[PDB]
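Below is one structure, written out as structure tokens; comments come after it.
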Amino acid sequence: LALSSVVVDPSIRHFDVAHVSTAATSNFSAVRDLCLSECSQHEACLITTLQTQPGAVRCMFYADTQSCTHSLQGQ
Amino acid sequence: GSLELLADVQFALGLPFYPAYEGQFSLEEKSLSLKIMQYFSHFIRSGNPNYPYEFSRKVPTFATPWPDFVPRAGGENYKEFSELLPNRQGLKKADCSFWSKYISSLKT
Amino acid sequence: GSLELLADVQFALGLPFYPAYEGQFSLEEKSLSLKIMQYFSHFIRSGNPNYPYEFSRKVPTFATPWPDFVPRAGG
Amino acid sequence: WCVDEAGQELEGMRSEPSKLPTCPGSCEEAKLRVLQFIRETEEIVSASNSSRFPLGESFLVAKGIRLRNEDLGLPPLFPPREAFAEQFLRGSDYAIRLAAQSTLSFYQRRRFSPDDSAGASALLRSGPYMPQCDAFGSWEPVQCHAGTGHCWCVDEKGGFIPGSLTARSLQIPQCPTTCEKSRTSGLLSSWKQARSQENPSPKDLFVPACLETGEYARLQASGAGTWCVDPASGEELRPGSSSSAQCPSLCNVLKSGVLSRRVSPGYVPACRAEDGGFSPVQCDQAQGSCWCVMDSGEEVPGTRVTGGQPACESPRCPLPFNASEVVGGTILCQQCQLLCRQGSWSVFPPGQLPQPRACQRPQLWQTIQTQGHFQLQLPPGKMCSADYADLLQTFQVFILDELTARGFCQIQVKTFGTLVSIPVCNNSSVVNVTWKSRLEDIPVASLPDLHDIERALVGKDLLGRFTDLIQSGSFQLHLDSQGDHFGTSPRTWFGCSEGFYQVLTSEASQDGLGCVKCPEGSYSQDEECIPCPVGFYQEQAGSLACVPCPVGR
Amino acid sequence: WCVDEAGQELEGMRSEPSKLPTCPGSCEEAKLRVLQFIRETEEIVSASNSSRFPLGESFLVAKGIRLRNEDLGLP
Amino acid sequence: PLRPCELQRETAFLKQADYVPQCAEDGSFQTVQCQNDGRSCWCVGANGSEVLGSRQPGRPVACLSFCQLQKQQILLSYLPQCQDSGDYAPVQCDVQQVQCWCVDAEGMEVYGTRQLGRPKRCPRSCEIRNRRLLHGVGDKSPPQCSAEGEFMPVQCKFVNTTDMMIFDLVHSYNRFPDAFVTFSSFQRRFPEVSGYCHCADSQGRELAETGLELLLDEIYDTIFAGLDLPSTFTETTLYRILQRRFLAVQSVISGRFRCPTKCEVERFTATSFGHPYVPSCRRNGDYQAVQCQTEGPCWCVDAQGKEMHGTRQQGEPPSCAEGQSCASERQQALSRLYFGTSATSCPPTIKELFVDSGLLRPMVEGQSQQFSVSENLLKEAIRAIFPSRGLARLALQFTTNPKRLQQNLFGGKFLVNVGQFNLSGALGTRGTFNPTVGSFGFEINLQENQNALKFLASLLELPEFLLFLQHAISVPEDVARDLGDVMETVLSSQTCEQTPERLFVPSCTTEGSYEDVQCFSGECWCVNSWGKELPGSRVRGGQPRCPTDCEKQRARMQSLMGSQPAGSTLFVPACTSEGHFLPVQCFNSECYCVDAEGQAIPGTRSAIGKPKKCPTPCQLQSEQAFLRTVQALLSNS
Ligand SMILES: *[C@@H]1O[C@H](CO)[C@@H](O[C@@H]2O[C@H](CO)[C@@H](O[C@@H]3O[C@H](CO)[C@@H](O)[C@H](O[C@H]4O[C@H](CO)[C@@H](O)[C@H](O)[C@@H]4O)[C@@H]3O)[C@H](O)[C@H]2NC(C)=O)[C@H](O)[C@H]1NC(C)=O
Ligand SMILES: *[C@@H]1O[C@H](CO)[C@@H](O[C@@H]2O[C@H](CO)[C@@H](O[C@@H]3O[C@H](CO)[C@@H](O)[C@H](O)[C@@H]3O)[C@H](O)[C@H]2NC(C)=O)[C@H](O)[C@H]1NC(C)=O
Ligand SMILES: *[C@@H]1O[C@H](CO)[C@@H](O[C@@H]2O[C@H](CO)[C@@H](O)[C@H](O)[C@H]2NC(C)=O)[C@H](O)[C@H]1NC(C)=O
Ligand SMILES: *[C@@H]1O[C@H](CO)[C@@H](O[C@@H]2O[C@H](CO)[C@@H](O)[C@H](O)[C@H]2NC(C)=O)[C@H](O)[C@H]1NC(C)=O
Ligand SMILES: *[C@@H]1O[C@H](CO)[C@@H](O)[C@H](O)[C@H]1NC(C)=O
Ligand SMILES: *[C@@H]1O[C@H](CO)[C@@H](O)[C@H](O)[C@H]1NC(C)=O
Ligand SMILES: *[C@@H]1O[C@H](CO)[C@@H](O)[C@H](O)[C@H]1NC(C)=O
Ligand SMILES: *[C@@H]1O[C@H](CO)[C@@H](O)[C@H](O)[C@H]1NC(C)=O
Ligand SMILES: *[C@@H]1O[C@H](CO)[C@@H](O)[C@H](O)[C@H]1NC(C)=O
Ligand SMILES: *[C@@H]1O[C@H](CO)[C@@H](O)[C@H](O)[C@H]1NC(C)=O
Ligand SMILES: *[C@@H]1O[C@H](CO)[C@@H](O)[C@H](O)[C@H]1NC(C)=O
């Protein structure tokens, strides 16, 4: 997905955190596929978000949470 | 009045968007029925018509918030399915005070 | 409230113009008590608080007319 | 002629029996309404000069009293006061805004520091919000208001996607166009679009596919099959003769829409018969003015002339880099120049390899600068008791410390009762002191207009206190172990941030769009984007420095 | 000098230490008020000739919107 | 443990000299210092024995801080980088960007922070002290620490009479091998250990002779004994038991359900040593808007006590009013006027779900029985008993009966126990005896404190408190940091009944106070000093006469008469049409003739029915001007 389809909501209480520490950084595809395989191993997590920490890579796992705006033009 | 479904179950189940009742319903009725759909869905998903999830607790934006029904005096809040969807406090206070306090004592 | 005469018999007998109750009463009270004096006088002279005589029947001008008390519904 | 949605003929004379009309877009109509408002609030001011109407007339109009020309001993329509009175009666709120803009325009136009004073337009008041359209007439996905500093994001036709509002940010808002919104809607909650709206089947519902720019891709695929779709909005491109393989090019179907009078651009597209792309030189059927376009007829802004066949030849065949297409624009005819899309500015002085990523989208202003002066430029000319200029940075530090001790570097302003602080000092003292205030540090709740920031900064709080402290009395730093002088320009001027580029150097730039982020293959050094040196490589935007690669130098 | 009934000094400069003042009658004061109204409705017309004020200013005054000289870039 | 500033201050105090060093907390000299009423101040360097070299009479306008003093010393290498205010930045770097470290606004370097380049997550004082206690520093009980690296306002050394002698047991070692979660099991494993709690400074220094309380572990019977270990004693529920018991004991003391902030500590220190300037506080625990010195210089400060440099007035009240609140809404409405052709009242999801719903209405107004101070006391109670949303969540998903809630939060129905002065706080430095001064010179009224404590005890048994606290958990975090901020905001939204038009500009004075009449769209109305229109004052035409003292008194007396028994009557003042007092204002049988603004005339008290000859307002003004002139005739020269 793209960052334009995201609403920030810090009140969610159904999420997990996982740091991956690397100073001399590996290929970002490797840690990306590792976190995707980690969510693939489980069944409850449906959304995986990767963010670049200064000393690590933060993988955040969420259940499917959406905010829908319904109107007479477009949902 | 030709229908058998009254206005609350008209709006909650969303009659104005039906293909059968195509042009019979106005536009503001079609928006209000969408808001009442969102209320009933948010209830039967989470348990609170203001929030779609049990854990999100984001501020509602689609309509005005629906207050809880505290049973004592000073509250007893209820939603009104009007165009603006306002909040009120007393529903039939004189009539239910007659039918509960007085006439039950007269019955005994 | 210090008086024992209530407001109707205050205005009808005209307490605000008394020398005893000199400055205790406002000016609009002093005009209203004059109008109520005229009402009670027009009653106890003729029998109708709108007219001072039984035979004049001129349009009242001092205040608004006082309608009769019809006993049925609608009046 | 052109018509409204509800069967109403728009304002404008009917087109000639063989003459193509043009209908404005959704954004363009609203821009015409805003220009109508500006014209009316200018004509009220022009009436106010001529003294043609009494002062109390509008008070009678507001109170509801309307006197006709007969009641005032006048001919029935010799003074057009009826239309002027009706101007204040086409609404309440529109009338109050008309009165406010008229009062402002009259007082400023007749007191813009005139001939009896200096001038220079110190107030420099910005007009109302006029919407910014696309090249064709559709709504731009982000609208920015220069007066306050808001930059919200609109829908397809209306406005204000809720929650998308931002105020005084360095980063441009990233909100999706009409394709990507429906794309994420179809991917997330399966709210797909319909191929044909009359009576669809579940085979007719598709999740749309967008390009990297944002527009619709050419071939949409559903469960039933594939078809060709209009790139602007997602309806069936050729509802009569749709073909999956080798779908028709834009020029041919556009011309078919023009001749059938379903689309009104005002002209007829004369495209190339070879590939179906646009020939460079489409123009009006009445020969008149002619121009040049990029692909899809996007109207190169700098080439429209009344001369026959404006020369817009293809440039020299080698390109500065193997990326062939210049992003957002083209090169028109080093014998040629570079011109790009509407509402975009070339960061480079030619408007010598001309870089592909050479123009971006301009942003709002970000810093406000003012300056003050002293006569300690040279030691023997003032009472510093020295004749040495070898150390002067220590004096700069000492003056800055004395200043920030005496306020003067953290302006305090009320917000609904409670005070807030805004820094205005960083290496100001040079003597010359330069207060440079960052707009992002100032909130939107306090100082809600840029001119309010100018009033609060040049006012009593900072620049009123400074001149009072210097000219009356002295604050003389001892240094035992300053000279007063006029500044010749004691005024605000806006400027971009450290990483960006100030494109229109005239501070009188309307619409407040003078800051452009420094592009991909360049670095910002002296408020100018210099292309990166040969041995180095740059991959950020607004990066301030360029990075070398060891492998493959 | 001259005074109103409710202890208010009337408009007019105080008379000299040995100089007799003159106070207007009941009718003469009302005539002075009418002449004041005529002078104001003449000075509004004289302002309207000189084109010294915008046309929409009185509309803002009627609507309740009051802009001071600071808001219009004025002394 | 006393700093050089504190010892210099106490030595000058014991000599009874003309000068004592003004000494702010964290053992630091104030950058401005004066003699005791000597009226010639000066600005002093870092060690307090210095002088800027030019002492002016009165307070100096401003002067350089320790940052700038050290900087001017080094210029006249390494450059000490400082912020706008007088405090060293938490990252200090060399002038070449090769070495950076952390300081604590006094200069000495934290040992571990020295490294190449810029550091991230600079440790603060609590983490430094808590790590030092694992490196051999004497006290082996770790001080109680917040979520960030900051000391809790209320701390507990928690160990006394270890092996019959009074010192601190090795608590950081003690907690780990023996898992205690239960007080009865704790005394079974470790008897004769009683919790010694107090409250601390900003640096964590224990307050002198105040709050040194001891608590007995015997009384409490434990609830919530089904949870895992929380990895830190500060995260154990026993620490909340001790903190709630300590705060409940200090509720009847000091009039406040908290340890006092920086304002009260500075004010008490200034009052005790007799400093020429004492800060002026208020109920919540912040510096007041106007803070003058003893006679001459009056000025305004922020919430941290730093002087706003451009408001020193020298005798005149500077009047930086927080009630001065027009210009914001004025320029907001003016900006909304000039948009195009397209703080606040209250946060949006609060008024409909809290105030109008009927949740705060029994909380503060249903039993609003002489509780002017008790609303702030209730804010402190909500902030202190529930310090985080998670603990309130746990308390609300365990306690299914509101009757038992006080048994699970406080010390086992401790609250009625501290309602009748039962003893669990023996052997402490506060008390020993019994208008009345507090622990820090607070004005105490014991029956108000006990009545409010019983009211809070009764309120905590209410299920509507449980529902309100569910709703207060459900608020988003951005509106309010903690539950006390939620409680403050829901009090603030009681007067947020404002749905104004977009373009109503509020006209207001040159100094910015609201004009008495506000007009829009052909209507006009009277407002008070706050932005609420007076009910019924809206007029169709324009220019309403705003009500005088008599009309406000008449409305107030009529409204108060509306809730009173039948035969009882009160004094309702009677006014004219314009609003002046009627010349004779009479009561039960005694008619007196008033002069003006409700002030009775002596010598005219008489019975009803006797005709009066009270003077006209001319004779009243004649008396007033006669007294004015004879007083002015008594002029000196
Ligand atoms: C929708 O609802 C369903 C119904 O509840 C739900 O399915 C359940 O999910 C839970 C997830 O915890 C399952 O519980 C697991 O069951 C297995 C059975 O073998 C246990 O072994 C698990 O324990 C271990 O699992 C891993 C094994 O390697 C270990 O890594 C881990 O550490 C555990 O020790 C665990 O208890 C449960 O069996 C299902 N099914 C049912 C019928 O309850 C589903 O997850 C919900 N969500 C979605 C998106 O469908
Ligand atoms: C982590 O490992 C350490 C290893 O030292 C554990 O410490 C040991 O814990 C046991 C159980 O609490 C202690 O036994 C106790 O001994 C006393 C002696 O009088 C006795 O009275 C008790 O009944 C109990 O048996 C043991 O002394 C202690 N060893 C030490 C401190 O060296 C620790 O418990 C482990 N962590 C956890 C959480 O258990
Ligand atoms: C970074 O490292 C990963 C992990 O080795 C590389 O991923 C491999 O890529 C090749 C071809 O791209 C695949 O055939 C392998 O299956 C991938 N996985 C592994 C485990 O080898 C990746 O190519 C590296 N380089 C980058 C991202 O530039
Ligand atoms: C004052 O305190 C003592 C000790 O806390 C109270 O004695 C307890 O009283 C309760 C019932 O009131 C008994 O159930 C306990 O067994 C008592 N002993 C304890 C807790 O050790 C005493 O009642 C209190 N005084 C009052 C309430 O007036
Ligand atoms: C009015 O218009 C004339 C020209 O039409 C211009 O010279 C003048 O400056 C304007 N303003 C005033 C105040 O007369
Ligand atoms: C450069 O672009 C051309 C496209 O015309 C392509 O054929 C060629 O392979 C490209 N060369 C490199 C090195 O990318
Ligand atoms: C700005 O001021 C800082 C603070 O002393 C100084 O270190 C720096 O060299 C100055 N110049 C620039 C360009 O940052
Ligand atoms: C200071 O300002 C004056 C006037 O703006 C200018 O002439 C002078 O060169 C400036 N000094 C420096 C060092 O730039
Ligand atoms: C305005 O005043 C001038 C002289 O002051 C006069 O000649 C003229 O007739 C007046 N009216 C107009 C409409 O100019
Ligand atoms: C302040 O004291 C420190 C050590 O106590 C000393 O190093 C420093 O020189 C002193 N500064 C003075 C006396 O100015
Ligand atoms: C001046 O007169 C006032 C008025 O009684 C008095 O209080 C004061 O003491 C007098 N001062 C002197 C110096 O006489």
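Just remember, in the structure tokens the first chain shown is A, the second B, etc., residues are 1-based per chain, and ligands are 1-based in the order shown.
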task: Would you kindly return, as a PyMOL selection string, each protein, DNA or RNA residue with an atom no farther than 8 Å from any atom of residue D:415, considering only C-alpha atoms and excluding same-chain residues fewer than 2 positions away?
output: (chain D and resi 413+417-420+445-446) or (chain F and resi 328+343)
Kindly save the residues from that selection, with N, CA, C and O atoms included, as a compact mmCIF listing (two decimals), in the first residue's frame.
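Generated output (again.txt):
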```txt
# COMPACT_ATOMS: atom_id res chain seq x y z
N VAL D 413 3.85 35.64 22.53
CA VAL D 413 2.56 36.12 22.06
C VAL D 413 1.45 35.34 22.76
O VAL D 413 1.60 34.16 23.09
N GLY D 417 -5.30 33.45 26.16
CA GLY D 417 -5.02 33.53 27.58
C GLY D 417 -3.61 33.15 27.99
O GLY D 417 -3.02 33.81 28.85
N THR D 418 -3.06 32.09 27.40
CA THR D 418 -1.74 31.59 27.78
C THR D 418 -0.68 31.99 26.75
O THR D 418 -0.95 32.04 25.55
N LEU D 419 0.52 32.28 27.23
CA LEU D 419 1.57 32.83 26.38
C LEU D 419 2.37 31.71 25.72
O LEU D 419 2.56 30.64 26.31
N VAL D 420 2.85 31.96 24.50
CA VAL D 420 3.67 30.99 23.78
C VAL D 420 4.89 31.72 23.23
O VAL D 420 4.89 32.95 23.07
N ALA D 445 -3.38 28.65 15.37
CA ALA D 445 -4.33 29.25 16.31
C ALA D 445 -3.94 30.67 16.67
O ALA D 445 -4.80 31.56 16.77
N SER D 446 -2.65 30.91 16.87
CA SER D 446 -2.13 32.25 17.08
C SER D 446 -1.45 32.72 15.80
O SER D 446 -0.81 31.93 15.11
N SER F 328 -7.40 37.06 20.03
CA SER F 328 -7.36 35.76 19.37
C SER F 328 -8.61 35.52 18.52
O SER F 328 -8.51 35.34 17.31
N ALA F 343 -9.22 28.05 23.86
CA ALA F 343 -8.99 27.98 22.42
C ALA F 343 -10.31 28.09 21.67
O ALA F 343 -10.82 29.18 21.44
```
query: Please, which residues have at least one atom within 12 Å of an atom of ligand 3, using only C-alpha atoms and all ligand atoms, listed as a list in words?
result: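 Result of the 12 Å neighbour search around ligand 3: residues 25, 26, 27, 28, 29, 30, 31, 32, 33 and 34 of chain A.
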- request: Please check which protein, DNA or RNA residues sit within 12 Å of ligand 8, counting only C-alpha atoms and all ligand atoms, and write them as a ChimeraX atom specification.
  value: /D:370-378,392-393,396,428-434,485-491
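Closest approach to chain F among C:45, C:30, C:57, C:72: C:30, based on only C-alpha atoms.
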- request: Grab the atom CA of residue D:253 to atom CA of residue D:241 distance for me, in Å with one decimal place.
  value: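 Result for atom CA of residue D:253 versus atom CA of residue D:241: 10.5 Å, one decimal.
The interatomic distance for the pair atom CA of residue F:235 and atom CA of residue F:418 works out to 25.3 Å.
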message: Taking 2 positions as the minimum chain separation for residues in the same chain, which residues sit within 12 Å of residue A:60 when counting only C-alpha atoms? Answer as number ranges by chain.
response: A: 14-20, 32, 35-36, 38-39, 45-52, 57-58, 62-63
So that I can check the surroundings of residue A:68, please list as an mmCIF file with C-alpha atoms, in the first residue's frame every protein, DNA and RNA residue that reaches within 9 Å of it, counting only C-alpha atoms and ignoring chain neighbours fewer than 6 positions away.
```
data_model
loop_
_atom_site.group_PDB
_atom_site.id
_atom_site.type_symbol
_atom_site.label_atom_id
_atom_site.label_comp_id
_atom_site.auth_asym_id
_atom_site.auth_seq_id
_atom_site.Cartn_x
_atom_site.Cartn_y
_atom_site.Cartn_z
ATOM 1 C CA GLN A 75 -17.400 4.946 -0.067
ATOM 2 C CA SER D 185 -10.975 1.257 -1.582
ATOM 3 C CA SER D 189 -13.008 -3.266 1.581
#
```
- request: Tell me the residues of chain D close to chain F, meaning within 9 Å using only C-alpha atoms, as a ChimeraX atom specification.
  value: /D:33-34,37,62-63,93-94,96-97,100-101,127-130,145,147-148,394,397-398,401-402,404-410,412,414-419,423,425,445-449,452,461,465,481
Can you spit out the residues from that selection as an mmCIF file, in the first residue's frame, using C-alpha atoms?
```
data_model
loop_
_atom_site.group_PDB
_atom_site.id
_atom_site.type_symbol
_atom_site.label_atom_id
_atom_site.label_comp_id
_atom_site.auth_asym_id
_atom_site.auth_seq_id
_atom_site.Cartn_x
_atom_site.Cartn_y
_atom_site.Cartn_z
ATOM 1 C CA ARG D 33 -17.202 32.666 -9.688
ATOM 2 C CA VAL D 34 -14.241 33.931 -7.626
ATOM 3 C CA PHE D 37 -16.616 38.287 -6.889
ATOM 4 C CA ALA D 62 -29.297 46.135 4.983
ATOM 5 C CA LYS D 63 -32.262 47.261 7.103
ATOM 6 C CA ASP D 93 -22.811 36.115 3.817
ATOM 7 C CA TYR D 94 -21.832 37.000 0.248
ATOM 8 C CA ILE D 96 -20.872 40.845 4.161
ATOM 9 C CA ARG D 97 -17.807 39.514 2.329
ATOM 10 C CA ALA D 100 -15.482 43.803 3.753
ATOM 11 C CA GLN D 101 -13.455 43.341 0.552
ATOM 12 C CA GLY D 127 -6.708 38.351 -2.065
ATOM 13 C CA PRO D 128 -9.320 35.706 -1.330
ATOM 14 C CA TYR D 129 -8.974 32.001 -2.075
ATOM 15 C CA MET D 130 -9.031 31.430 -5.823
ATOM 16 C CA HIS D 145 -4.271 29.183 0.472
ATOM 17 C CA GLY D 147 -2.993 34.037 3.199
ATOM 18 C CA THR D 148 -3.320 31.781 6.225
ATOM 19 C CA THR D 394 33.497 37.436 19.709
ATOM 20 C CA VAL D 397 28.591 36.378 20.240
ATOM 21 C CA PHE D 398 28.546 39.033 22.989
ATOM 22 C CA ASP D 401 24.034 37.004 24.274
ATOM 23 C CA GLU D 402 23.111 40.531 25.414
ATOM 24 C CA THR D 404 18.803 37.121 24.105
ATOM 25 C CA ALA D 405 19.254 38.252 27.708
ATOM 26 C CA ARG D 406 17.083 41.303 26.962
ATOM 27 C CA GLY D 407 14.299 39.314 25.283
ATOM 28 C CA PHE D 408 14.680 40.102 21.576
ATOM 29 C CA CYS D 409 15.264 36.527 20.359
ATOM 30 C CA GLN D 410 12.173 34.667 21.612
ATOM 31 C CA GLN D 412 6.154 35.885 23.258
ATOM 32 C CA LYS D 414 -0.807 35.439 23.686
ATOM 33 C CA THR D 415 -2.915 32.430 22.654
ATOM 34 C CA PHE D 416 -6.459 32.643 24.158
ATOM 35 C CA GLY D 417 -5.022 33.532 27.584
ATOM 36 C CA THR D 418 -1.739 31.590 27.780
ATOM 37 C CA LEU D 419 1.574 32.828 26.382
ATOM 38 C CA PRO D 423 12.368 31.746 18.266
ATOM 39 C CA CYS D 425 17.312 34.352 16.355
ATOM 40 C CA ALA D 445 -4.332 29.246 16.311
ATOM 41 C CA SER D 446 -2.127 32.254 17.079
ATOM 42 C CA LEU D 447 -1.120 34.698 14.297
ATOM 43 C CA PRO D 448 -3.564 33.151 11.781
ATOM 44 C CA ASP D 449 -2.454 35.292 8.841
ATOM 45 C CA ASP D 452 -0.689 39.336 11.236
ATOM 46 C CA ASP D 461 6.772 43.614 20.903
ATOM 47 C CA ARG D 465 11.075 47.638 21.853
ATOM 48 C CA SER D 481 38.464 44.383 30.500
#
```
query: What residues have any atom no more than 7 Å from ligand 5 when counting only C-alpha atoms and all ligand atoms, and can you list them as a ChimeraX atom specification?
result: /D:49-50,110
- request: Write out as JSON, numbers by chain all residues of chain B that backbone DSSP assigns to alpha helix (DSSP H).
  value: {"B": [7, 8, 9, 10, 11, 12, 27, 28, 29, 30, 31, 32, 33, 34, 35, 36, 37, 38, 39, 40, 41, 42, 43, 44, 45, 93, 94, 95, 96, 97, 103, 104, 105, 106, 107]}
Suppose we keep C-alpha atoms; can you now write the selection as a compact mmCIF listing (two decimals), in the first residue's frame?
```txt
# COMPACT_ATOMS: atom_id res chain seq x y z
CA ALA B 7 -39.15 4.52 10.02
CA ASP B 8 -36.49 3.15 12.38
CA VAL B 9 -36.32 -0.22 10.62
CA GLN B 10 -36.67 1.64 7.32
CA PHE B 11 -33.48 3.58 8.05
CA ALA B 12 -31.55 0.87 9.92
CA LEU B 27 -31.64 12.71 -0.79
CA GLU B 28 -31.37 13.79 2.86
CA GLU B 29 -33.30 10.64 3.80
CA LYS B 30 -30.68 8.69 1.84
CA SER B 31 -27.89 10.34 3.85
CA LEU B 32 -29.67 9.91 7.19
CA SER B 33 -30.30 6.21 6.48
CA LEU B 34 -26.58 5.81 5.74
CA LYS B 35 -25.74 7.38 9.12
CA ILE B 36 -28.23 5.07 10.89
CA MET B 37 -26.70 2.09 9.03
CA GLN B 38 -23.32 3.15 10.42
CA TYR B 39 -24.83 3.41 13.93
CA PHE B 40 -26.40 -0.07 13.83
CA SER B 41 -23.31 -1.63 12.24
CA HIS B 42 -21.01 -0.05 14.83
CA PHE B 43 -23.31 -1.46 17.52
CA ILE B 44 -23.49 -5.02 16.20
CA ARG B 45 -19.74 -5.12 15.51
CA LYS B 93 -41.55 11.57 31.48
CA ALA B 94 -45.06 12.68 32.47
CA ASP B 95 -46.72 9.74 30.72
CA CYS B 96 -44.38 7.07 32.09
CA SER B 97 -44.55 8.67 35.55
CA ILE B 103 -51.35 3.77 38.35
CA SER B 104 -49.31 0.87 39.75
CA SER B 105 -50.01 2.11 43.29
CA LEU B 106 -53.67 2.51 42.32
CA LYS B 107 -53.62 -1.07 40.99
```
